[PDB]
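Engineer: Please work out how this folds:
(chains A, B, C, D, E, F and G)
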Amino acid sequence: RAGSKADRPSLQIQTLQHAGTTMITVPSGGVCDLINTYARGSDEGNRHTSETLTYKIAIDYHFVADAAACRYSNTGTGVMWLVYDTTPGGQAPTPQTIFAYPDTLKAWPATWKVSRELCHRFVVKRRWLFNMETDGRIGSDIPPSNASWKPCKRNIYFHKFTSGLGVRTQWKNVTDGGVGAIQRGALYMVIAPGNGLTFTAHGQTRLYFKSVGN
Amino acid sequence: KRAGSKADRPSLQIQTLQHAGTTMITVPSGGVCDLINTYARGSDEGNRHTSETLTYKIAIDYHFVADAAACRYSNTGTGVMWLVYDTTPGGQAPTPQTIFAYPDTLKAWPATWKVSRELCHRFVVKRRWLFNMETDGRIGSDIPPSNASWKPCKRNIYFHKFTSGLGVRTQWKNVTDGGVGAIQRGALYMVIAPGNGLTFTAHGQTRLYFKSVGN
Amino acid sequence: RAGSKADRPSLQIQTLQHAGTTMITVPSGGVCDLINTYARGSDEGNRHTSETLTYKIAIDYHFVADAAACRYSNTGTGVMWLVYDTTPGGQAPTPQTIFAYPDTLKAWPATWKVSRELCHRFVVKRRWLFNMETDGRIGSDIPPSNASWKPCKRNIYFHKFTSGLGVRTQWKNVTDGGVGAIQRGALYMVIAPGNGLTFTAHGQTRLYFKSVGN
DNA sequence: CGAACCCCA
DNA sequence: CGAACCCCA
DNA sequence: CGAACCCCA
DNA sequence: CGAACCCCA
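Structural biologist: Numbers count the residues shown, from 1 in each chain, chains lettered A, B, ... in the order given. Pasting the structure now:
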């Protein structure tokens, strides 16, 4: 249980809210995002010094298939990486850059591996799997009186809690919390869909860190 | 035994709650709040004696069944049952909207809710459970045609839990009543929330184990 | 000495100034106030984290009778409580709520006791007494050449210094220092007059605390 | 040591 | 030792 | 410690 | 000793 550090003192808590007008939508081929944003300032969710350490991370989401993909009936398997960048750069990376996958394998993410040229830059500290299946029927319409359907796993609940990891970041001068302000140790959340199966997400996450330095 | 009750040398008391018949828990979309800790004061075995009590074990048995209104659509879902401990009760009975602060777009899916941060030192959740139901869009009262049949997995479920770990310390005001207005500290709440757009009802009964103490 | 626990460095010092246009005036029935206000910010009188601990408190004042009460000649006895609230609320409390006193005892404060319903909410960590008397003569007028007067205790000096207490507060997010921003552990200064004897005050107080947390 | 975050024989 | 304040090889 | 020749509280 | 910075029998 105790893989953290701050004991007697509590830890600061930053939250992320994805819902309503802001919802993660995953097109075929994956999507990249940075969960580590910390503004600098007085507020409790902000940071203080230029150096931070993250300890625990918690994830809660609700996945649901897209009406476009509800047309076909097929199964699939998705993947969620958690990736740690040592040497960030101005450009925001895309999954095509992190994993080098010949275009014929675009359909199936679960077979991807981290590209070899970058082997000392990016490293994956966690990996998870999940699977969805659609019978070819949306959930908004009424069955006929003749027959029924068992819709197993039309939408799923996905939650993980991991205390093991640790990360050390160093921030530039600027008070901003964007991607351009991080000198080292970024962190990324990568989602990739199954074969030809798009979906969306709803939920929220939390991080636990403690400013340190100067 | 496997026992963390701390006080069974003599026979702990047993308050019961009966939900059935005209009184059945019905859950509309958005959850429902209730207080399971009611203790009248008096001579009877189920009543209390002093003004201070300690609860140890709690047992729960219920039968969930989908509602005819929701049986029209066919979709799955997931429900949640919290067990919540209030340190500082107040006159007005709380609603789930107050305990969890959930933006109205997340009303559909309970499993993503977290305790609101403002109140972080007031309410605390000592247990959490999950369950899931699915409806094929067919009520159980009608006869299939001779042509085909159906496999109705999980049209209704059985839900039971038994937990000895918790402990709770309450202090009661002067009044002999056992209502919500009579508790000075340490309330306890049972919260049910449905899946997405799926209402249901319940039947069953619960038991508590406590021991009067004080004065 | 003992009590303080801030020996290596110095303690932060917040001050309160009551004088001039701002002077405490006590109508019959007492008055409530909150002495614990701490703004958040860079300044030294401000706080830093969301959690503070107060140690020592010092009080200096000059009490003087009111011209309205100088009409009658009678004695009396006042009281000053120092009250610690565990569970604050939006509405600011009034003495009528803290002490439940049947209206016939309004005249004499010294007989009040903390109400029993609330016995686990409010607690009094200090209590003091003082007494004043007015001969029915204001101090601005000249005696006749026939006689004189000895005006004992027309106005008094009141000072106390107490290191014993300790208090632990937790503040909400907002940068404000008002009453609405405190989650737990408020602190109150309560003044109540004698029988039918109003007065005013002048002076200043000091607190000693040290931010802690995050 | 005093008075009251500050000092020193 | 089971199920659940109640029991006993 | 994780995932899988690569890392570190 | 659970769930998830917060608690205690």
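
Engineer: Show me which residues of chain A sit near DNA strand F.
Structural biologist: On the criterion C-beta under 7 Å from any atom of the strand, DNA strand F has as its neighbours in chain A the residues A:3, A:5, A:53, A:86, A:113-114, A:119-120, A:123-127, A:164, A:166, A:168. Yep, even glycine has a C-beta here, placed from its N, CA and C like the rest.

Engineer: Of those residues - the most surrounded one?
Structural biologist: With neighbours taken as other C-beta atoms under 10 Å in any protein chain shown, the top of the residues of chain A next to DNA strand F is residue A:53, carrying 19 neighbours.

Engineer: The closest residue to DNA strand F within chain A: what's it in contact with?
Structural biologist: Chain A approaches DNA strand F most closely through residue A:164 (3.1 Å), counting by C-beta to the nearest atom of the strand. Applying C-beta atoms under 8 Å, 6 or more residues apart in numbering or on different chains, one finds that residue A:164 lies in contact with residue A:3.

Engineer: Kindly indicate whether it is helix, strand or coil.
Structural biologist: Taken by DSSP: H, G, I helix; E, B strand; the rest coil, the conformation at residue A:164 corresponds to coil.

Engineer: any chance you could map the helices in chain A?
Structural biologist: Secondary structure of chain A (DSSP state H): helices at A:95-98.

Engineer: of all of it, which residue lies closest to DNA strand E?
Structural biologist: Among the residues of chain A, residue A:1 lies nearest to DNA strand E; the distance is 24.3 Å by C-beta to the nearest atom of the strand.

Engineer: Count the neighbours of that residue for me.
Structural biologist: For residue A:1, the tally of surrounding residues (other C-beta under 10 Å) stands at 4.

Engineer: That one and DNA strand G, how far apart?
Structural biologist: Here the criterion is C-beta to the nearest atom of the strand, to the nearest Å. By it, residue A:1 lies 5 Å from DNA strand G.

Engineer: how about that residue, what does it touch?
Structural biologist: Taking C-beta under 8 Å, 6+ apart as the definition, contacts of residue A:1 comprise residue A:163.

Engineer: Tell me, how many residues neighbour the residue nearest to residue A:67 when sequence neighbours are not counted?
Structural biologist: With C-beta to C-beta, 6 or more residues apart in numbering or on different chains as the criterion, residue A:67 has its nearest non-adjacent residue at 6.1 Å, and that residue is residue A:138. For residue A:138, the tally of surrounding residues (other C-beta under 10 Å) stands at 13.

Engineer: residues in contact with stretch A:79-98?
Structural biologist: Taking C-beta under 8 Å, 6+ apart as the rule, stretch A:79-98 contacts A:29-32, A:34, A:57, A:109-110, A:112, A:114-115, A:118, A:120-130, A:165, A:167, A:179-180, A:182-192.

Engineer: From the residues you listed, list the buried ones, please.
Structural biologist: Among the contacts of stretch A:79-98, those that count as buried by neighbour count (16 or more other C-beta atoms under 10 Å in any protein chain shown) are A:30, A:32, A:34, A:57, A:109, A:112, A:114, A:118, A:121-122, A:167, A:179, A:182, A:185-192.

Engineer: Among these, which ones lie close to DNA strand E?
Structural biologist: Answer for the buried ones among the contacts of stretch A:79-98 near DNA strand E: none qualify (C-beta under 7 Å from any atom of the strand).

Engineer: what's near enough to touch the nearest residue to residue A:64 once chain neighbours are set aside?
Structural biologist: By the measure of C-beta to C-beta, 6+ apart, the closest residue to residue A:64 outside its immediate chain neighbours is residue A:155, 4.3 Å from it. Contacts here follow C-beta under 8 Å, 6+ apart; on that basis residue A:155 touches A:62, A:63, A:64, A:65, A:132, B:76.

Engineer: can we see that at 10 Å?
Structural biologist: Applying C-beta atoms under 10 Å, 6 or more residues apart in numbering or on different chains, we find residue A:155 in contact with A:62-65, A:132, A:134, A:139, A:199, B:75-78, B:109, B:195-196.

Engineer: quick one: contacts for residue A:64?
Structural biologist: Counting by C-beta under 10 Å, 6+ apart, residue A:64 makes contact with A:23, A:70, A:132, A:139, A:154-156, A:199-202, B:108-109, B:196.

Engineer: between those, which has the most around it?
Structural biologist: Going by other C-beta under 10 Å, residue B:109 tops these with 24 neighbours.

Engineer: Farthest pair within the residues of chain A next to DNA strand F?
Structural biologist: Taking C-beta to C-beta as the measure, the residues of chain A next to DNA strand F span a maximum distance of 32.4 Å, between A:5 and A:113.

Engineer: so residue A:111 makes contact with residue A:105?
Structural biologist: Yes: if you go by C-beta atoms under 10 Å, residue A:111 and residue A:105 touch, sitting 6.0 Å apart.

Engineer: Whether stretch A:118-134 contacts chain B - can you check?
Structural biologist: No: using C-beta under 10 Å from any C-beta of the partner chain, we find that stretch A:118-134 stays clear of chain B, coming within 11.9 Å at best.

Engineer: Relative to the whole chain's centre, how far out is that stretch?
Structural biologist: Taking C-alpha atoms, centre = their mean, to the nearest Å, the mean C-alpha location of stretch A:118-134 is offset from the chain mean by 10 Å.

Engineer: Overlap of the contact sets of residue A:111 and residue A:105?
Structural biologist: Going by C-beta under 10 Å, 6+ apart, residues that sit against residue A:111 and also against residue A:105 are residue A:99.

Engineer: what's near enough to touch residue A:151?
Structural biologist: With contact set as C-beta under 10 Å, 6+ apart, residue A:151 has these partners: A:133, A:134, A:135, A:137, A:139, B:74, B:75, B:76, B:134, B:135, B:136, B:137.

Engineer: Which part of chain A gets nearest to chain B, residue-wise?
Structural biologist: residue A:148 (3.7 Å; C-beta to the nearest C-beta).

Engineer: Quick check: chain neighbours aside, which residue is closest to that residue?
Structural biologist: If the residues on either side of it in the chain are set aside, residue A:148 comes closest to residue B:136, at 3.7 Å by C-beta to C-beta, 6+ apart.

Engineer: could you list every residue that touches the residue nearest in space to the middle of chain A?
Structural biologist: The residue at the geometric middle of chain A, judged as the C-alpha nearest the mean C-alpha position with C-alpha atoms, centre = their mean, is residue A:189 (3.1 Å). Contacts here follow C-beta under 10 Å, 6+ apart; on that basis residue A:189 touches A:16, A:24, A:31-36, A:57, A:59, A:80-83, A:126, A:205.

Engineer: who's in contact with the residue of chain A most remote from its centre?
Structural biologist: Relative to the mean C-alpha coordinate of chain A, counting by C-alpha atoms, centre = their mean, the farthest residue is residue A:146 (42.7 Å). Residue A:146 sits next to B:144, B:145, B:147, B:148 when contact means C-beta under 10 Å, 6+ apart.

Engineer: Dihedrals phi and psi, the second one?
Structural biologist: What that stands for is residue B:145. phi -70, psi 160 (degrees, to the nearest 10).

Engineer: now swap in the third one and tell me
Structural biologist: Main-chain dihedrals, residue B:147, degrees, to the nearest 10: phi -80, psi -40.

Engineer: Which residue does chain A have closest to DNA strand D?
Structural biologist: Taking C-beta to the nearest atom of the strand, chain A has residue A:214 as its residue nearest DNA strand D, at 22.6 Å.
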